[PDB]
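Undergrad: Can you keep this structure in mind? I'll have questions shortly.
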Amino acid sequence: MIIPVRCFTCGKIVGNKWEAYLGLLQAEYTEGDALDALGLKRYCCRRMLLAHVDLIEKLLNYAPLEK
Amino acid sequence: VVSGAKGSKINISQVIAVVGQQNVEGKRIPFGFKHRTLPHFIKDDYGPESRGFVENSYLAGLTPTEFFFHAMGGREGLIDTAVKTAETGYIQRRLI
Amino acid sequence: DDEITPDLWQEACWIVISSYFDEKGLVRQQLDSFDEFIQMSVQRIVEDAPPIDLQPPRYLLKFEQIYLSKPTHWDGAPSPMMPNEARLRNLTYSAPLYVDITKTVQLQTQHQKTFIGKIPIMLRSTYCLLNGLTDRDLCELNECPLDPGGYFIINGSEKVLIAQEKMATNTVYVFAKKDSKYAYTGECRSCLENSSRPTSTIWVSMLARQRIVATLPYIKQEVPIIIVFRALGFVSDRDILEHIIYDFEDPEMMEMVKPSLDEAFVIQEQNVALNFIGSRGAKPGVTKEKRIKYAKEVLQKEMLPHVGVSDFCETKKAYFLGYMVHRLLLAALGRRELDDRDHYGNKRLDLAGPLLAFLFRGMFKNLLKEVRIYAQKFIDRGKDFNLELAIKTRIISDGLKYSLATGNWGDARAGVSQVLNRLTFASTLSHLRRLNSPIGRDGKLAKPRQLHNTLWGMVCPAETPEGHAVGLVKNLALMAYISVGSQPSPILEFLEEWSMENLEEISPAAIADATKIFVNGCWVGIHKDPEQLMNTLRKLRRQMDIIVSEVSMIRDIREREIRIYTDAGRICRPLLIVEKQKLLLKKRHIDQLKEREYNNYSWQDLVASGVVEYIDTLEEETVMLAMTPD
DNA sequence: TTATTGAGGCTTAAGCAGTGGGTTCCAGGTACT
RNA sequence: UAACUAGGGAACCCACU
DNA sequence: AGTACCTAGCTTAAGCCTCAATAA
Ligand SMILES: [Zn+2]
Numbered sequence: 001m002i003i004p005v006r007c008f009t010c011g012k013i014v015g016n017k018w019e020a021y022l023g024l025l026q027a028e029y030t031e032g033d034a035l036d037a038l039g040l041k042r043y044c045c046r047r048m049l050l051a052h053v054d055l056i057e058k059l060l061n062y063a064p065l066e067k
Numbered sequence: 770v771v772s773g774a775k776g777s778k779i780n781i782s783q784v785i786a787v788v789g790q791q792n793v794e795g796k797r798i799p800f801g802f803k804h805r806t807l808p809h810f811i812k813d814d815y816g817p818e819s820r821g822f823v824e825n826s827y828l829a830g831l832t833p834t835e836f837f838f839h840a841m842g843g844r845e846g847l848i849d850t851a852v853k854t855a856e857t858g859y860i861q862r863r864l865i
Numbered sequence: 014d015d016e017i018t019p020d021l022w023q024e025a026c027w028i029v030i031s032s033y034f035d036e037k038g039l040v041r042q043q044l045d046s047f048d049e050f051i052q053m054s055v056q057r058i059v060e061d062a063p064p065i066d067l068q081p082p083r084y085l086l087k088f089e090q091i092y093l094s095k096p097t098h099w102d103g104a105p106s107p108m109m110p111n112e113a114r115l116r117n118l119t120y121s122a123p124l125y126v127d128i129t130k131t132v139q140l141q142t143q144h145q146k147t148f149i150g151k152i153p154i155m156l157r158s159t160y161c162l163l164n165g166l167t168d169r170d171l172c173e174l175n176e177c178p179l180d181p182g183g184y185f186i187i188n189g190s191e192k193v194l195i196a197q198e199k200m201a202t203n204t205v206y207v208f209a210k211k212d213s214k215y216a217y218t219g220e221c222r223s224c225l226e227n228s229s230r231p232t233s234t235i236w237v238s239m240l241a242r254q255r256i257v258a259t260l261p262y263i264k265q266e267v268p269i270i271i272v273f274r275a276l277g278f279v280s281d282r283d284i285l286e287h288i289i290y291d292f293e294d295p296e297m298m299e300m301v302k303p304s305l306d307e308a309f310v311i312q313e314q315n316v317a318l319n320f321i322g323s324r325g326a327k328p329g330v331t332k333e334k335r336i337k338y339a340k341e342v343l344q345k346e347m348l349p350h351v352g353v354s355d356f357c358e359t360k361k362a363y364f365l366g367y368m369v370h371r372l373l374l375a376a377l378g379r380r381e382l383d384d385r386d387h388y389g390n391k392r393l394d395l396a397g398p399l400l401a402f403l404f405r406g407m408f409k410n411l412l413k414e415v416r417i418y419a420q421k422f423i424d425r426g427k428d429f430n431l432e433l434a435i436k437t438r439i440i441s442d443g444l445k446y447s448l449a450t451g452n453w454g455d462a463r464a465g466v467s468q469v470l471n472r473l474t475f476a477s478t479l480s481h482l483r484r485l486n487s488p489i490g491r492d493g494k495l496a497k498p499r500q501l502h503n504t505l506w507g508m509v510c511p512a513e514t515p516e517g518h519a520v521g522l523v524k525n526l527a528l529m530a531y532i533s534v535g536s537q538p539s540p541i542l543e544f545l546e547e548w549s550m551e552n553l554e555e556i557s558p559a560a561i562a563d564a565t566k567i568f569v570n571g572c573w574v575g576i577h578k579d580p581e582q583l584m585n586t587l588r589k590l591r592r593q594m595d596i597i598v599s600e601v602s603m604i605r606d607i608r609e610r611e612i613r614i615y616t617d618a619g620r621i622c623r624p625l626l627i628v629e630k631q632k633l634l635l636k637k638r639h640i641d642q643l644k645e646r647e648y649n650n651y652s653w654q655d656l657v658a659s660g661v662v663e664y665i666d667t668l669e670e671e672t673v674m675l676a677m678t679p680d
């Protein structure tokens, strides 16, 4: 639902790179250039960001049961 | 293959060279439509690609007509497997 | 210059597919079928029910207008019920059904908008509370915007109606029975649509040896066909053979109708034939006139109800019976190939609409029956009875709820309604697009389980169970659409306006050269110029005229017939239209579809431009189809 | 000549591989107070 | 001054080998 | 009101029907 903290394969930190990836994508970068700008060199770290779906933003559209 | 662990020469030939002729009940792909196997062919077409000869390999990729005819063959295999188990169980019980 | 070049074709075709799925989605068959059920079929069933009458002071009751509220929950004040609340509280997502009853005894009173029962509402249909809501509004109701709907909530359980596959009605099929007493057998599951009595199947068979025999509904023993023809009011041999054989220069059919006439030499009068066919009924007649009246009732109602059920229609019924015998003869001559049972043009898919309509017919008949019971109990004392006390909403509400919950259909067959699979989203979509063949799963017949040729583009060739239900449980292809059903009337007025001569206004000598025209399987007349007629019918269908886009128009060319199909259950798919080796789809259509959310150009505008059209399986026989524009 | 006792053609049960999980259902109807 | 068990049937559906 | 209670297809063995030698 949310970006994993680490790449599953190697363990590089990718949890701090999802918002920066989205900011680079709206800055008209290609996905490959955005991955290269974040330092994700191994393709194991690259498909953590390339293939991620952020379900948490859809989960946040529902009001919490307590408030 | 040559260790005998898995596969056959037919599997290698199907992967590399050609898949071959798709069969339903021992014959070629029948005229399920009116004298056509599919609406993409002319009527009374008895050629290879019209009646279920897959000329491509698995690596090359099946054309959509070849894909459908291969699906027909695989469906026949699944039907045979299911009715085979269902019929052989009773023969086993009667024999024992 | 406006053509899509081959390097633009992949982008163009996927924009077309994206427009289709943006307009339609994936569960149009369920939602459209249920919407048609609620909008038309409920009112048709209520009005089609006979005006009930009790008798002495004699009064009658009539139901005239159907009102449906939004889904509502009640002891206290009624409040709107969201589907999530019905899911949580184990309630049934249902809407109240209101009718207004007139009571004429004479004194006429209006019981306006009386409550007769609760109808479960399929989610995201036009009568559901989530209809037309935005994604934000769906999320405010704790509903998933990606949820497709198409299911019912029955006691908090999500229920999906699996589409039931059946033989198509009102169509003549000739098969061969292996090693039976009949060599070739004809068959017509005749059913008058929008009334939908228990369907009547007639067999016109020929004995193996070569006499032609007719198997009639509600007659135990087999009946010679010439006796049936003389019982229709044709006491001759020129009349019967003119109804059967349209071409006197073919003597082989004359040879094959020798033995039926020879065996029917005993009877040459109409009432003798009525007595002969009524002596073998389900209820045997006490006397001769009872037998004659019973056989007349059978010929008027049970025998071929789709070609006509009232009186004074014996000539159309005799024409269709002669057509059945002619098809049987052509099959025995070999001039016509034997019909394929696994051909999906010969099959219909009973969706949520027709299944709920069958249930509603049974339950409305029941509700009327205890209205008779209550009124008969209270009329013996001479006192007036309240309609609110007479109406039993319990039986219709609980019967419909019970059949949607357990899946047992009728007051017969099971597994029609199933709990919706919610393991993953793909399983939900697959369960919502499931087709079921009701062939018994213990049989070893591989032919209904085999992947037939006619499933191209209609049914997925890969998605099937690998267990005992292999080849029987099927899954709908992505752009495959099931026809929702429509009235054949405007096509009939257009046909009689377009120089088509009716059956009762022609001599039988003109049948041989002209083209027979069938509308929903009913022979309505002949046309002497079938090519320009089919061009005109196609031009009307492409232009979104009085012929709607889901109407199937098939011209058999080798044997002169034009079949127009309008009923529900026909599985169809959109195809691009090719004229003079060129796609009618141009670059301007793709350019307009690119800004789909800007200029409001949609898939419907692409259909209305005559660019794409829906071709079902029977029409796909006559289609010369290109896989790619290459 | 003629019944009489023998042998060829029609309906109808009795069958039809195994292991888990889930869902629904196993009752209203007037009296009477 | 530890008082110690489990529960029915009939149908359907799905999955698995 | 609460409720007593009285009520689709297969194959095959087995049982059941009409026509021909044969003595009375
Ligand atoms: Zn990594």
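Protein chains in written order, with PDB author numbering: chain J, 1 to 67; chain A, 770 to 865; chain B, 14 to 68, 81 to 99, 102 to 132, 139 to 242, 254 to 455, 462 to 680.
The beta carbon of each residue, even a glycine, is placed where N, CA and C say it ideally should be.
Check whether the segment 178-187 of chain B touches the segment 509-528 of chain B, taking contact to mean three or more Cβ pairs, one atom from each stretch, closer than 8 Å.
TA: With the cut-off at 8 Å, the segment 178-187 of chain B and the segment 509-528 of chain B do not touch.
Undergrad: Taking the beta carbon of B:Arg371 as the centre, do at least 16 other beta carbons fall within 10 Å, making it buried, or is it exposed?
TA: It counts as buried.
Undergrad: Quick check on the DSSP output: the beta strand (DSSP E) that includes B:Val237 runs from which residue to which?
TA: Residues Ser233 to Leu240.
Undergrad: Applying the criterion that 16 or more other CB atoms from any shown protein chain within 10 Å of the CB defines a buried residue, is A:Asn780 buried or exposed?
TA: Result: exposed.
Undergrad: Is it right to say J:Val53 is buried, meaning 16 or more other beta carbons lie within 10 angstroms of its own, or is it exposed?
TA: Exposed, because fewer than 16 other Cβ atoms sit within 10 Å of the Cβ of J:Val53.
Undergrad: Just the Cα atoms here: how many angstroms apart are B:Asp48 and B:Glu191?
TA: If you take the alpha carbons of B:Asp48 and B:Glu191, they lie about 18 Å apart.
Undergrad: Once DSSP output is grouped into helix, strand and coil, what is the label at B:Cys622?
TA: In the structure shown, B:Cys622 sits in a strand (DSSP, three-state: E or B).
Undergrad: Does B:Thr504 have its Cβ less than 8 Å from a Cβ in chain A?
TA: Taking Cβ atoms only, chain A reaches closer than 8 Å to B:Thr504, which makes this a yes.
Undergrad: Among all the DSSP beta bridges, which residues are the ones paired with A:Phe822?
TA: Beta-bridge pairing links A:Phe822 to A:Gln790.
Undergrad: Could you give the C-beta distance for B:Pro64 and B:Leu85, rounded to a whole number, given that I count them as a contact under 8 Å?
TA: Their Cβ separation, rounded to whole angstroms, is 5 Å, which keeps B:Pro64 and B:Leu85 in contact under 8 Å.
Undergrad: Sort B:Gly575, B:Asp655 and B:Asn486 by Cα distance to B:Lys360 and report the nearest one.
TA: The shortest C-alpha separation from B:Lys360 is found at B:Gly575.
Undergrad: Considering only heavy atoms of ligand 1 and the C-beta of each residue, which residues fall inside 6 Å, strictly closer?
TA: With the cut-off at 6 Å, the residues found are J:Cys7, J:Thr9, J:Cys10, J:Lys12, J:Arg42, J:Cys44 and J:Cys45.
Undergrad: What does the Cβ neighbour count give for B:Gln143, buried or exposed, with the cut at 16 atoms within 10 Å?
TA: Exposed, by the Cβ-count rule.
Undergrad: Comparing alpha-carbon positions, which option in A:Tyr859, A:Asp849 and A:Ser826 lies nearest A:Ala786?
TA: When only C-alpha atoms are compared, the closest one is A:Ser826.
Undergrad: Is the Cβ-Cβ distance between B:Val193 and B:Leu482 less than 8 Å?
TA: Yes; because the gap between Cβ atoms is below 8 Å, this pair is in contact.
Undergrad: Under three-state DSSP, which class holds B:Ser190?
TA: Reduced to three states, the DSSP call for B:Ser190 is strand.
Undergrad: Leaving out five residues before and five after B:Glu89 in sequence, what residues of the same chain have Cβ atoms less than 7 Å from its Cβ?
TA: The residues are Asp127 and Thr129.
Undergrad: Is the segment 463-479 of chain B touching the segment 786-805 of chain A, taking contact as three or more C-beta pairs under 8 Å?
TA: The segment 463-479 of chain B, when compared against the segment 786-805 of chain A, does not touch it at the 8 Å Cβ threshold.
Undergrad: At which residue ranges does the segment 346-397 of chain B contain complete beta strand (DSSP E) runs of 3 or more residues, listed in the order of the chain?
TA: DSSP runs (the beta strand (DSSP E)) wholly in the segment 346-397 of chain B: 391-394.
Undergrad: Quick check: the Cα distance between A:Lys775 and A:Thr857, rounded to an integer number of angstroms?
TA: For A:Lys775 and A:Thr857, the distance between alpha carbons rounds to 26 Å.
Undergrad: For the segment 602-616 of chain B against the segment 534-546 of chain B, are there 3 or more C-beta pairs whose distance is under 8 Å?
TA: With a cut-off of 8 Å, the segment 534-546 of chain B and the segment 602-616 of chain B count as touching, because enough Cβ pairs lie within range.
Undergrad: Residues in the segment 6-36 of chain J with C-beta within 8 Å of chain B's C-beta atoms, listed in sequence order?
TA: So nothing in the stretch comes that close.
Undergrad: Could you work out which residues of chain J lie near B:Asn175, taking near to mean beta carbons separated by less than 9 Å?
TA: Within 9 Å Cβ-Cβ: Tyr62 and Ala63.
Undergrad: What is the DSSP secondary structure of B:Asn650, counted as helix, strand or coil?
TA: B:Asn650 falls in the coil class under three-state DSSP.
Undergrad: In the structure shown, what three-state DSSP assignment does B:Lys524 receive?
TA: The answer is strand: DSSP assigns B:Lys524 an E or B state.
Undergrad: Compare the Cα-Cα distances from B:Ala676 to each of B:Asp283, B:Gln654 and B:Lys632 and report the closest residue.
TA: That would be B:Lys632, whose Cα lies nearest to the Cα of B:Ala676.
Undergrad: Skipping 5 residues on each side, what residues in its chain have a beta carbon closer than 6 Å to that of J:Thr9?
TA: Hits under 6 Å: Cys44.
Undergrad: Going by DSSP, name the residue or residues bridged to B:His144.
TA: Beta-bridge pairing links B:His144 to B:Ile128.
Undergrad: Looking at the structure shown, is B:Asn430 part of a helix, part of a strand, or coil, going by DSSP?
TA: Here B:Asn430 sits in coil by DSSP.
Undergrad: Check whether the Cβ of A:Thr857 lies closer than 8 Å to any Cβ atom in chain B.
TA: With 8 Å as the cut-off, A:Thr857 does not count as an interface residue toward chain B.
Undergrad: For the candidate residues B:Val598, B:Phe422, B:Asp595 and B:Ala530, whose alpha-carbon lies nearest to that of B:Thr667?
TA: Closest by alpha carbon: B:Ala530.
Undergrad: Does the Cβ of A:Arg862 have 16 or more other Cβ atoms within 10 Å, making it buried, or fewer, making it exposed?
TA: Exposed: under 16 other Cβ atoms inside 10 Å.
Undergrad: Determine, using beta carbons only, whether B:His387 and B:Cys224 come nearer to each other than 8 Å.
TA: No; because the gap between Cβ atoms is not below 8 Å, this pair is not in contact.
Undergrad: Using the C-alpha atoms, what's the distance from B:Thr514 back to B:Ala275?
TA: Each residue's alpha carbon lies about 49 Å from the other.
Undergrad: Can you check which of these residues, B:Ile17, B:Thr234, B:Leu553 and B:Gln56, is closest to B:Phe404 by C-alpha distance?
TA: Considering only alpha carbons, the answer is B:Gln56.
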